[PDB]
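Okay, so here's the structure we're looking at.
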Amino acid sequence: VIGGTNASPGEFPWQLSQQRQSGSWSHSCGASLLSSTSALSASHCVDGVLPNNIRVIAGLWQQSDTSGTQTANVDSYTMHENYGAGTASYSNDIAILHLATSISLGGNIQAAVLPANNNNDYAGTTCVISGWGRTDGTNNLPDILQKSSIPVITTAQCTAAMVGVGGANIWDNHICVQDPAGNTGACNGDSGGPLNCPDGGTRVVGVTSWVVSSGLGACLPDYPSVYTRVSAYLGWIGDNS
Numbered sequence: 289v290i291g292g293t294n295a296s297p298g299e300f301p302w303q304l305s306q307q308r309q310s311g312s313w314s315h316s317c318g319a320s321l322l323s324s325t326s327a328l329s330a331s332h333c334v335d336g337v338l339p340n341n342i343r344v345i346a347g348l349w350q351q352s353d354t355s356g357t358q359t360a361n362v363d364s365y366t367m368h369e370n371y372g373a374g375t376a377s378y379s380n381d382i383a384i385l386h387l388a389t390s391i392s393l394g395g396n397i398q399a400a401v402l403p404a405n406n407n408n409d410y411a412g413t414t415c416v417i418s419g420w421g422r423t424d425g426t427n428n429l430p431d432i433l434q435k436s437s438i439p440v441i442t443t444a445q446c447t448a449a450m451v452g453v454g455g456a457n458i459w460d461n462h463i464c465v466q467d468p469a470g471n472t473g474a475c476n477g478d479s480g481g482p483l484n485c486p487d488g489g490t491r492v493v494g495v496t497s498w499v500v501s502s503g504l505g506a507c508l509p510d511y512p513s514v515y516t517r518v519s520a521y522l523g524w525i526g527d528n529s
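Put into structure tokens, the structure is as follows:
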């Protein structure tokens, strides 16, 4: 999250750190806890990764401190079968991580609340993006969980802003976010994370998929950050959870 601020402990209780083992375990993507043995993430995060080289950490606020935290390795995961199917960029970028052990839903640890239906597109809602992804052009990752208020734009606005970008295909299963100042947005490591929107309590209405990056590997907040529309996968989520 670029341009963000410091999140508070137990502020996004369903927020998870999904680590990848590359010799040593390090944060890879974000995720949200659906239940005691379930987590919601992006397909591109687990794509090509053996489940044994993946695990999640619950109740974390500062990466350097795993105190009163809970870690569960991932037994396996389910990637959307139509992932990548079509023209829309990173189509059906959604997956379920199946934990090898149960996580106790503590005080700072709670399951995510999804939308009730697909009746609302949330355009115009000021939501919050959270995560341990890049905060700038460097490769470092923040220690303390970051968060940022950004509003959801309409899909017509999202498609229109991507018209000048080659390879950017927007559709209705995408939910976009854009800062009018062009200062805050998602970046690498935020992927798989939640888009927290107030909707009769904070609900996870999106999963971080992709952002626009310069030819220098930097994330561009003047372009929308694209999330996977969770209200459009409620049935799939329910069958594979």
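Using this note's numbering, the first residue of the sequence shown is number 289, and each one after it goes up by one.
The beta carbon of each residue, even a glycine, is placed where N, CA and C say it ideally should be.
Limits of the unbroken beta strand (DSSP E) element including residue i
i      : result
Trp498 : 490-498
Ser513 : 513-517
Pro486 : 482-486
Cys464 : 462-465
According to DSSP, residues forming a beta bridge with residue i
i      : result
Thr414 : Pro439
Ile432 : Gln350
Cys507 : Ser501
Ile290 : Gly473
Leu393 : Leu393 pairs with nothing; no bridge assigned.
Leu387 : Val362
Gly419 : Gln434
Span of the alpha helix (DSSP H), counted from its first residue to its last, around residue i
i           : result
residue 571 : Since the first residue of the chain shown is 289 and the last is 529, residue 571 is not available in this structure.
CA nearest to the CA of residue i, picked from the options
i      : options                        : result
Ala376 : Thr516, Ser529, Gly523         : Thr516
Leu328 : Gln309, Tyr371, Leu402         : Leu402
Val334 : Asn528, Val362, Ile417         : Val362
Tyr410 : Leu385, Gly488, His368, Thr359 : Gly488
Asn476 : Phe300, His315, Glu299         : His315
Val344 : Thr359, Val337, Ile458, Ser296 : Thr359
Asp381 : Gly452, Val465, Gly494         : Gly494
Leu385 : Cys485, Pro509, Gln307         : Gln307
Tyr521 : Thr443, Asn406, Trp313, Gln398 : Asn406
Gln351 : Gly421, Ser324, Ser310, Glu369 : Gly421
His462 : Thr447, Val453, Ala469         : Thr447
Through-space distance from residue j to residue i, alpha-carbon basis
i           : j      : result
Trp349      : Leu393 : 16 Å
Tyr378      : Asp478 : 15 Å
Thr354      : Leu304 : 12 Å
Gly480      : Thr496 : 5 Å
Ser331      : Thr366 : 8 Å
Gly503      : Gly523 : 38 Å
residue 264 : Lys435 : Because the chain here runs from 289 to 529, residue 264 falls outside it and cannot be looked at.
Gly455      : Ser513 : 14 Å
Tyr371      : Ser364 : 17 Å
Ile391      : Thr325 : 6 Å
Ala474      : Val337 : 23 Å
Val289      : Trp459 : 24 Å
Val500      : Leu387 : 32 Å
Closer than 8 Å to chain B by CB, residue i
i      : result
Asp353 : Absent here is chain B; the protein component of the structure consists of one chain.
Mind pulling the alpha helix (DSSP H) runs of 4 or more residues that sit fully within the segment 298-385?
331-334
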